[PDB]
Amino acid sequence: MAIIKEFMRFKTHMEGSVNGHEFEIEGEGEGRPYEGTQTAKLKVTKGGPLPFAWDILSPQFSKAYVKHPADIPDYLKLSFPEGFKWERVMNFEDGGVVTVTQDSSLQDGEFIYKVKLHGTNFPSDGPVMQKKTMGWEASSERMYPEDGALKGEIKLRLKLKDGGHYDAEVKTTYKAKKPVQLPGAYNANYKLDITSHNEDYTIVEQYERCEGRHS
């Protein structure tokens with residue numbers, strides 16, 4: 001219940017199910033919220049090893065860490081200490097769907113994230129269930145004010161191991177727990193990398209850089 005410092009830590013917990021496969025993940029991260037950089041270390045605590053591509057989970061692990069110029073109100077930083085919630089749908093090009101709900105708060109000097117995720121309708125021979133993906137390309141989320149919340153739309157592109165790409169259309173609503181100043185439409189430009197992973201992807205490290213700007 002405080003301020004966002006130049007250096008901030010986070011703890012995260014995810015409960016999810018993908019194609020009937022139940023799991024939980026606990027993680028710890030850190031970064032520079034005003035620089036727009038962060039890292040996270042995630043561990044599968046239940047249901048590992050996962051039978052599907054880690055990549056569908058990585059974008060679910062932190063919008064307080066977006067670099068904003070002074071002219072674009074930082075709605076999601078402004079939401080603290082009480083914080084914000086978001087809800088997302090990812091529609092993959094072969095019919096697979098992920099939905100996610102998340103709550104973000106600031107407690108005792110650290111961000112606390114709680115994530116719930118459903119994935120379903122991934123084909124058994126597709127790249128997610130066959131683990132044939134190799135990270136996300138850099139992307140730009142179009143952010144805009146609507147219904148008193150901040151909305152985001154992204155066309156995400158997953159690289160495939162054997163060539164080509166696999167797309168998801170992503171729509172998210174981000175809502176502060178109390179009214180704070182919304183921005184005009186802008187672009188949130190992300191690069192998310194898996195920096196390490198053990199054999200079976202039960203311990204994974206990620207890095208993300210995100211900066212908001214006007215096009």
# chains A, B, ... in the order shown; residues from 1 in each chain; ligands from 1
call {"tool": "residues_around", "arguments": {"residues": "residue 163 (chain A)", "least_positions_apart": "6", "cutoff": "12 Å", "atoms": "only C-alpha atoms", "output": "CSV table (one decimal) with C-alpha atoms, in the first residue's frame"}}
result
chain,number,residue,atom,x,y,z
A,127,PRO,CA,2.0,-26.8,-32.3
A,132,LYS,CA,6.7,-27.0,-31.6
A,133,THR,CA,6.8,-23.2,-30.7
A,134,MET,CA,9.9,-21.0,-30.2
call {"tool": "select_by_dssp", "arguments": {"residues": "region 15-167 of chain A", "states": "strand (DSSP E)", "output": "compact mmCIF listing (two decimals) with N, CA and C atoms, in the first residue's frame"}}
result
# COMPACT_ATOMS: atom_id res chain seq x y z
N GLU A 15 -3.10 -20.52 -11.29
CA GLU A 15 -3.85 -21.77 -11.27
C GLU A 15 -4.45 -21.84 -12.62
N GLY A 16 -4.22 -22.93 -13.26
CA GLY A 16 -4.72 -23.07 -14.61
C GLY A 16 -5.09 -24.49 -15.03
N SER A 17 -5.72 -24.58 -16.22
CA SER A 17 -5.98 -25.87 -16.86
C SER A 17 -5.90 -25.63 -18.35
N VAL A 18 -5.14 -26.44 -19.04
CA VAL A 18 -5.05 -26.36 -20.52
C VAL A 18 -5.33 -27.76 -21.09
N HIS A 21 -5.58 -30.35 -18.51
CA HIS A 21 -4.36 -30.52 -17.69
C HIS A 21 -4.22 -29.44 -16.65
N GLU A 22 -4.50 -29.84 -15.39
CA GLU A 22 -4.46 -28.92 -14.27
C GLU A 22 -3.03 -28.64 -13.83
N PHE A 23 -2.72 -27.39 -13.49
CA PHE A 23 -1.41 -27.04 -12.97
C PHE A 23 -1.46 -25.78 -12.13
N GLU A 24 -0.39 -25.61 -11.36
CA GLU A 24 -0.15 -24.37 -10.62
C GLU A 24 1.30 -23.97 -10.84
N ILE A 25 1.52 -22.66 -10.84
CA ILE A 25 2.85 -22.06 -11.00
C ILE A 25 3.02 -20.98 -9.98
N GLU A 26 4.20 -20.96 -9.34
CA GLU A 26 4.57 -19.89 -8.42
C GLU A 26 5.78 -19.21 -9.00
N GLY A 27 5.85 -17.89 -8.91
CA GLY A 27 6.96 -17.15 -9.41
C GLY A 27 7.32 -15.90 -8.62
N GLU A 28 8.54 -15.45 -8.86
CA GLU A 28 9.10 -14.27 -8.29
C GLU A 28 9.74 -13.48 -9.40
N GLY A 29 9.49 -12.19 -9.43
CA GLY A 29 10.13 -11.34 -10.35
C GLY A 29 10.65 -10.04 -9.79
N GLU A 30 11.35 -9.30 -10.64
CA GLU A 30 11.86 -7.98 -10.28
C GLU A 30 12.15 -7.16 -11.48
N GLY A 31 12.18 -5.84 -11.31
CA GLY A 31 12.52 -4.99 -12.40
C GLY A 31 12.42 -3.53 -12.10
N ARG A 32 12.51 -2.76 -13.16
CA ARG A 32 12.47 -1.27 -13.06
C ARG A 32 11.21 -0.77 -13.70
N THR A 37 11.46 -2.57 -17.75
CA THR A 37 12.15 -3.87 -17.85
C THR A 37 11.87 -4.73 -16.62
N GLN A 38 11.78 -6.06 -16.82
CA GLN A 38 11.55 -6.97 -15.73
C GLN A 38 11.95 -8.38 -16.12
N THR A 39 12.24 -9.11 -15.08
CA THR A 39 12.51 -10.50 -15.22
C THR A 39 11.68 -11.30 -14.22
N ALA A 40 11.41 -12.56 -14.57
CA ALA A 40 10.68 -13.45 -13.70
C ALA A 40 11.22 -14.83 -13.72
N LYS A 41 11.20 -15.47 -12.56
CA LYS A 41 11.52 -16.88 -12.42
C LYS A 41 10.27 -17.62 -11.98
N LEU A 42 9.83 -18.54 -12.85
CA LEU A 42 8.58 -19.31 -12.66
C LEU A 42 8.87 -20.76 -12.39
N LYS A 43 8.13 -21.35 -11.46
CA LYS A 43 8.28 -22.76 -11.17
C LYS A 43 6.94 -23.45 -11.19
N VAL A 44 6.85 -24.56 -11.90
CA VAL A 44 5.63 -25.36 -11.90
C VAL A 44 5.61 -26.11 -10.55
N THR A 45 4.61 -25.80 -9.73
CA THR A 45 4.46 -26.40 -8.42
C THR A 45 3.47 -27.53 -8.32
N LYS A 46 2.59 -27.67 -9.32
CA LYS A 46 1.67 -28.78 -9.37
C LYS A 46 1.38 -29.06 -10.77
N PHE A 84 -5.24 -3.12 -9.83
CA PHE A 84 -6.06 -3.30 -11.02
C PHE A 84 -6.31 -4.77 -11.28
N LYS A 85 -7.32 -5.03 -12.09
CA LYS A 85 -7.63 -6.38 -12.56
C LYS A 85 -7.65 -6.36 -14.11
N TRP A 86 -7.36 -7.52 -14.69
CA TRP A 86 -7.51 -7.63 -16.14
C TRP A 86 -8.05 -9.00 -16.49
N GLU A 87 -8.69 -9.03 -17.65
CA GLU A 87 -9.29 -10.22 -18.22
C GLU A 87 -8.96 -10.22 -19.68
N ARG A 88 -8.56 -11.40 -20.13
CA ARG A 88 -8.01 -11.57 -21.48
C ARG A 88 -8.61 -12.76 -22.19
N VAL A 89 -8.74 -12.65 -23.52
CA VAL A 89 -9.02 -13.79 -24.34
C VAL A 89 -8.01 -13.83 -25.48
N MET A 90 -7.44 -15.00 -25.70
CA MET A 90 -6.56 -15.24 -26.83
C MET A 90 -7.21 -16.28 -27.75
N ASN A 91 -7.49 -15.85 -28.95
CA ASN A 91 -8.06 -16.77 -29.97
C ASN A 91 -6.96 -17.17 -30.97
N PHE A 92 -6.54 -18.43 -30.91
CA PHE A 92 -5.48 -18.93 -31.76
C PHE A 92 -6.05 -19.35 -33.09
N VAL A 97 -8.25 -21.70 -27.59
CA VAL A 97 -8.69 -20.48 -26.89
C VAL A 97 -8.02 -20.52 -25.51
N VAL A 98 -7.52 -19.38 -25.07
CA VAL A 98 -7.13 -19.17 -23.67
C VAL A 98 -7.87 -18.00 -23.14
N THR A 99 -8.39 -18.14 -21.91
CA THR A 99 -8.91 -17.02 -21.17
C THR A 99 -8.11 -16.89 -19.85
N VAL A 100 -7.98 -15.68 -19.39
CA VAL A 100 -7.19 -15.39 -18.21
C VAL A 100 -7.85 -14.30 -17.46
N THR A 101 -7.86 -14.47 -16.14
CA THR A 101 -8.24 -13.39 -15.25
C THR A 101 -7.09 -13.14 -14.25
N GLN A 102 -6.94 -11.91 -13.86
CA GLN A 102 -5.78 -11.55 -13.03
C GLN A 102 -6.11 -10.44 -12.10
N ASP A 103 -5.52 -10.53 -10.91
CA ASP A 103 -5.61 -9.42 -9.97
C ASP A 103 -4.21 -8.98 -9.59
N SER A 104 -4.03 -7.70 -9.58
CA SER A 104 -2.74 -7.03 -9.21
C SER A 104 -2.93 -6.08 -8.04
N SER A 105 -2.03 -6.19 -7.07
CA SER A 105 -2.06 -5.34 -5.87
C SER A 105 -0.66 -5.04 -5.43
N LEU A 106 -0.54 -4.08 -4.50
CA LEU A 106 0.76 -3.75 -3.89
C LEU A 106 0.61 -3.97 -2.37
N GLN A 107 1.41 -4.88 -1.81
CA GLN A 107 1.37 -5.27 -0.38
C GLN A 107 2.79 -5.34 0.17
N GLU A 110 5.84 -4.86 -2.33
CA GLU A 110 5.98 -5.74 -3.50
C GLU A 110 4.66 -5.84 -4.24
N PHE A 111 4.73 -6.05 -5.55
CA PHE A 111 3.48 -6.31 -6.30
C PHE A 111 3.07 -7.76 -6.04
N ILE A 112 1.79 -8.05 -5.93
CA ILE A 112 1.29 -9.39 -5.80
C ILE A 112 0.33 -9.66 -6.96
N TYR A 113 0.58 -10.73 -7.71
CA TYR A 113 -0.22 -11.08 -8.83
C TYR A 113 -0.89 -12.42 -8.63
N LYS A 114 -2.19 -12.48 -8.91
CA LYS A 114 -2.89 -13.77 -8.88
C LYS A 114 -3.56 -14.00 -10.22
N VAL A 115 -3.26 -15.11 -10.83
CA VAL A 115 -3.66 -15.39 -12.20
C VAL A 115 -4.48 -16.69 -12.27
N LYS A 116 -5.59 -16.70 -13.01
CA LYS A 116 -6.35 -17.92 -13.31
C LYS A 116 -6.45 -18.07 -14.83
N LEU A 117 -6.20 -19.26 -15.37
CA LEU A 117 -6.13 -19.43 -16.79
C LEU A 117 -6.85 -20.75 -17.25
N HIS A 118 -7.58 -20.65 -18.35
CA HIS A 118 -8.21 -21.75 -18.99
C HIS A 118 -7.69 -21.84 -20.41
N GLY A 119 -7.25 -23.01 -20.86
CA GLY A 119 -7.01 -23.18 -22.25
C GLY A 119 -7.76 -24.38 -22.74
N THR A 120 -8.36 -24.31 -23.93
CA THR A 120 -9.10 -25.44 -24.43
C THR A 120 -9.21 -25.45 -25.93
N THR A 133 6.73 -24.68 -30.62
CA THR A 133 6.81 -23.24 -30.70
C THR A 133 8.16 -22.75 -30.18
N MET A 134 8.55 -21.53 -30.52
CA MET A 134 9.93 -21.04 -30.20
C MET A 134 9.91 -19.53 -29.92
N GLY A 135 8.97 -19.13 -29.09
CA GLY A 135 8.86 -17.75 -28.64
C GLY A 135 8.07 -16.82 -29.52
N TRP A 136 7.68 -15.73 -28.92
CA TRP A 136 6.85 -14.71 -29.53
C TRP A 136 7.71 -13.71 -30.26
N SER A 139 5.93 -7.40 -30.39
CA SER A 139 4.57 -7.02 -30.75
C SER A 139 4.19 -5.68 -30.19
N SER A 140 3.09 -5.17 -30.70
CA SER A 140 2.63 -3.87 -30.34
C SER A 140 1.15 -4.05 -29.94
N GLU A 141 0.83 -3.75 -28.70
CA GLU A 141 -0.55 -3.79 -28.23
C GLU A 141 -1.15 -2.41 -28.34
N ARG A 142 -2.26 -2.32 -29.06
CA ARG A 142 -2.99 -1.06 -29.22
C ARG A 142 -3.82 -0.89 -27.98
N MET A 143 -3.53 0.19 -27.26
CA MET A 143 -4.17 0.52 -25.98
C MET A 143 -5.12 1.69 -26.19
N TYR A 144 -6.33 1.58 -25.63
CA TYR A 144 -7.30 2.66 -25.83
C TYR A 144 -8.35 2.68 -24.72
N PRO A 145 -8.86 3.87 -24.39
CA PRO A 145 -9.86 4.03 -23.33
C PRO A 145 -11.24 3.66 -23.86
N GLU A 146 -12.00 2.88 -23.08
CA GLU A 146 -13.37 2.48 -23.49
C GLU A 146 -14.16 2.01 -22.26
N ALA A 149 -12.44 1.92 -18.81
CA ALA A 149 -11.33 1.05 -18.62
C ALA A 149 -10.37 1.24 -19.78
N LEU A 150 -9.27 0.55 -19.69
CA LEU A 150 -8.24 0.61 -20.72
C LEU A 150 -8.35 -0.75 -21.39
N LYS A 151 -8.49 -0.74 -22.70
CA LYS A 151 -8.53 -1.95 -23.48
C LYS A 151 -7.25 -2.10 -24.28
N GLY A 152 -6.90 -3.33 -24.61
CA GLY A 152 -5.77 -3.61 -25.43
C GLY A 152 -6.08 -4.67 -26.45
N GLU A 153 -5.59 -4.46 -27.71
CA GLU A 153 -5.74 -5.49 -28.74
C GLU A 153 -4.34 -5.75 -29.37
N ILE A 154 -4.04 -7.03 -29.58
CA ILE A 154 -2.76 -7.45 -30.07
C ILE A 154 -3.00 -8.60 -31.08
N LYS A 155 -2.25 -8.56 -32.19
CA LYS A 155 -2.08 -9.79 -32.96
C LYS A 155 -0.71 -10.34 -32.67
N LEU A 156 -0.65 -11.44 -31.91
CA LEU A 156 0.59 -12.03 -31.47
C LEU A 156 0.94 -13.11 -32.43
N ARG A 157 2.25 -13.28 -32.65
CA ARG A 157 2.81 -14.24 -33.59
C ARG A 157 3.84 -15.06 -32.87
N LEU A 158 3.61 -16.36 -32.81
CA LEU A 158 4.47 -17.35 -32.23
C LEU A 158 5.30 -17.95 -33.29
N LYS A 159 6.60 -17.95 -33.10
CA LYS A 159 7.44 -18.65 -34.02
C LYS A 159 7.31 -20.16 -33.90
N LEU A 160 7.40 -20.89 -35.04
CA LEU A 160 7.34 -22.33 -35.01
C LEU A 160 8.72 -22.96 -35.29
N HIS A 165 4.90 -19.42 -38.62
CA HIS A 165 4.39 -18.76 -37.44
C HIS A 165 2.97 -19.22 -37.14
N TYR A 166 2.52 -18.93 -35.92
CA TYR A 166 1.20 -19.31 -35.45
C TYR A 166 0.62 -18.13 -34.67
N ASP A 167 -0.58 -17.68 -35.05
CA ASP A 167 -1.05 -16.39 -34.58
C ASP A 167 -2.15 -16.57 -33.56
call {"tool": "residues_around", "arguments": {"residues": "residue 108 (chain A)", "least_positions_apart": "4", "cutoff": "12 Å", "atoms": "only C-alpha atoms", "output": "list in words"}}
result
residues 1, 2, 3, 4, 8, 9, 10, 11, 81, 82 and 112 of chain A
call {"tool": "closest_residue", "arguments": {"among": "A:34, A:94, A:128, A:173", "to": "residue 70 (chain A)", "atoms": "only C-alpha atoms"}}
result
A:34
call {"tool": "residues_around", "arguments": {"residues": "residue 209 (chain A)", "least_positions_apart": "4", "cutoff": "6 Å", "atoms": "only C-alpha atoms", "output": "JSON, numbers by chain"}}
result
{"A": [36, 37, 190, 191]}
call {"tool": "residues_around", "arguments": {"residues": "region 49-62 of chain A", "least_positions_apart": "5", "cutoff": "6 Å", "atoms": "only C-alpha atoms", "output": "ChimeraX atom specification"}}
result
/A:128-129,131,200,202
call {"tool": "closest_residue", "arguments": {"among": "A:181, A:194, A:96, A:125", "to": "residue 72 (chain A)", "atoms": "only C-alpha atoms"}}
result
A:181
call {"tool": "atom_distance", "arguments": {"atom1": "CA of residue 122 (chain A)", "atom2": "CA of residue 192 (chain A)"}}
result
22.6 Å
call {"tool": "select_by_dssp", "arguments": {"residues": "chain A", "states": "helix (DSSP H, G or I)", "output": "PyMOL selection string"}}
result
chain A and resi 54-56+58-60+75-78
call {"tool": "atom_distance", "arguments": {"atom1": "CA of residue 63 (chain A)", "atom2": "CA of residue 172 (chain A)"}}
result
11.8 Å
call {"tool": "decode", "arguments": {"residues": "region 50-91 of chain A", "atoms": "C-alpha atoms", "output": "PDB file, in the first residue's frame"}}
result
ATOM      1  CA  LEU A  50       3.309 -29.533 -18.579  1.00  0.00           C
ATOM      2  CA  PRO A  51       2.175 -31.298 -21.731  1.00  0.00           C
ATOM      3  CA  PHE A  52       1.942 -28.104 -23.798  1.00  0.00           C
ATOM      4  CA  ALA A  53       4.045 -25.186 -24.929  1.00  0.00           C
ATOM      5  CA  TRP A  54       5.216 -22.810 -22.235  1.00  0.00           C
ATOM      6  CA  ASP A  55       4.783 -19.957 -24.669  1.00  0.00           C
ATOM      7  CA  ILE A  56       0.996 -19.769 -24.253  1.00  0.00           C
ATOM      8  CA  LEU A  57       1.685 -18.919 -20.506  1.00  0.00           C
ATOM      9  CA  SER A  58       4.494 -16.423 -20.842  1.00  0.00           C
ATOM     10  CA  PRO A  59       2.373 -13.367 -21.755  1.00  0.00           C
ATOM     11  CA  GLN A  60       0.314 -13.946 -18.588  1.00  0.00           C
ATOM     12  CA  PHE A  61       3.247 -13.352 -16.177  1.00  0.00           C
ATOM     13  CA  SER A  62       2.889  -7.307 -15.579  1.00  0.00           C
ATOM     14  CA  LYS A  63       1.709  -3.910 -16.798  1.00  0.00           C
ATOM     15  CA  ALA A  64       3.095  -1.855 -13.928  1.00  0.00           C
ATOM     16  CA  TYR A  65       6.469  -2.294 -15.686  1.00  0.00           C
ATOM     17  CA  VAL A  66       5.771  -0.281 -18.855  1.00  0.00           C
ATOM     18  CA  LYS A  67       7.914   2.768 -19.651  1.00  0.00           C
ATOM     19  CA  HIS A  68       5.585   5.721 -20.262  1.00  0.00           C
ATOM     20  CA  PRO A  69       6.521   9.176 -21.432  1.00  0.00           C
ATOM     21  CA  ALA A  70       5.223  12.017 -19.287  1.00  0.00           C
ATOM     22  CA  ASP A  71       2.576  12.766 -21.898  1.00  0.00           C
ATOM     23  CA  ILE A  72       0.766   9.374 -21.721  1.00  0.00           C
ATOM     24  CA  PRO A  73      -0.948   8.869 -18.385  1.00  0.00           C
ATOM     25  CA  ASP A  74       0.283   5.657 -16.707  1.00  0.00           C
ATOM     26  CA  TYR A  75      -3.194   4.491 -15.722  1.00  0.00           C
ATOM     27  CA  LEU A  76      -2.016   1.138 -14.371  1.00  0.00           C
ATOM     28  CA  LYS A  77       0.781   2.659 -12.165  1.00  0.00           C
ATOM     29  CA  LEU A  78      -1.706   5.220 -10.985  1.00  0.00           C
ATOM     30  CA  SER A  79      -3.979   2.348  -9.804  1.00  0.00           C
ATOM     31  CA  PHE A  80      -1.705   1.441  -6.945  1.00  0.00           C
ATOM     32  CA  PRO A  81      -1.601   0.675  -4.101  1.00  0.00           C
ATOM     33  CA  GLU A  82      -5.036  -0.875  -4.480  1.00  0.00           C
ATOM     34  CA  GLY A  83      -4.240  -2.003  -7.990  1.00  0.00           C
ATOM     35  CA  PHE A  84      -6.062  -3.301 -11.018  1.00  0.00           C
ATOM     36  CA  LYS A  85      -7.632  -6.382 -12.557  1.00  0.00           C
ATOM     37  CA  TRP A  86      -7.515  -7.625 -16.138  1.00  0.00           C
ATOM     38  CA  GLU A  87      -9.293 -10.225 -18.216  1.00  0.00           C
ATOM     39  CA  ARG A  88      -8.008 -11.571 -21.475  1.00  0.00           C
ATOM     40  CA  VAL A  89      -9.018 -13.789 -24.338  1.00  0.00           C
ATOM     41  CA  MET A  90      -6.563 -15.243 -26.826  1.00  0.00           C
ATOM     42  CA  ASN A  91      -8.056 -16.765 -29.974  1.00  0.00           C
TER      43      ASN A  91
END
